[PDB]
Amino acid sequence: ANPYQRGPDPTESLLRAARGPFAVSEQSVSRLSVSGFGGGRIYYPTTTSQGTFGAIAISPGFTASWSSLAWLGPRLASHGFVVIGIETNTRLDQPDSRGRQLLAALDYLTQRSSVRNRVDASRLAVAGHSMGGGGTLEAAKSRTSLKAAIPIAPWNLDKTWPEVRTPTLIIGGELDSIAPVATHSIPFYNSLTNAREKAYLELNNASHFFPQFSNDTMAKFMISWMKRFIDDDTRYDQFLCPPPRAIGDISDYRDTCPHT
């Protein structure tokens, strides 16, 4: 009934496994071959029989390469998404620049890439770590048609985001000293007054570098948010609403349930 629904009815175990239910193919994008971002890598479900998929562009942080987040490529793509993980024009690009580069990557993916026919160009998303998470907010501010945004330990000197309409999940690290949640993540979250839905997931005792290593709780919520909002897949609301208890590896969760 939902034309964008993909994959089996979900469970906690399905979300916590190293791969979701789709085999993944990959394609390198050389820096020599694109303008407006530094190239990167595309990850996509090999099969086309279940339809096209939504897509997400993902940015690393200041000083970092895509390899700092590369485990996300196959893991997210294997749940039924096309992922373009970017290298930035230089390692020292600022958040606003990273936002423009995320949009340039989505435009390349849908307009020119050799996997464009696999992507539903109407169902796009952004995510990123640190300044890449700041850039995730910038991209959502510039492109209100984006269906999901996931800033991860985001860093940005711009603290307010009233233009953002996209459903936004901010994932923070409780003990982050580089982008402290009290001055980055939480102010961003409170400022998302026009986001259609939003959530804040705070990982107990986590440092700034929690995303550089496979993290099942992080992946569970990122995948659920992507499913719910990129695919309109209401089956994944079970993991989001009511909100999870702040226990174990979750030190805080803030929500806008119900997701109408």
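Residue positions are given as counts along the sequence shown, with the first one as 1.
In this entry, the higher average B-factor at the C-alpha atoms falls on 210-218, of the pair 224-232 and 210-218. In this entry, 242-250 has the higher mean Cα B-factor, the comparison being between 242-250 and 16-24. Comparing C-alpha B-factors across 129, 143, 79, 147 in the deposited entry, the largest value falls on 143. Of the residues listed, 136, 114, 166, 156, the entry assigns the biggest Cα temperature factor to 114. The entry lists a Cα temperature factor for residue 35 that places it in the highest third of the chain's modelled residues.
Residue-level temperature factors show residue 109 in the middle third of its chain, judged at the C-alpha atom.
Residue 50: CA B factor lies in the middle third for its chain, per the PDB record.
Sort the modelled residues of the chain by CA B factor and residue 191 lands in the middle third. For residue 85, the recorded CA B-factor ranks within the lowest third of the chain. Only modelled residues enter the ranking.
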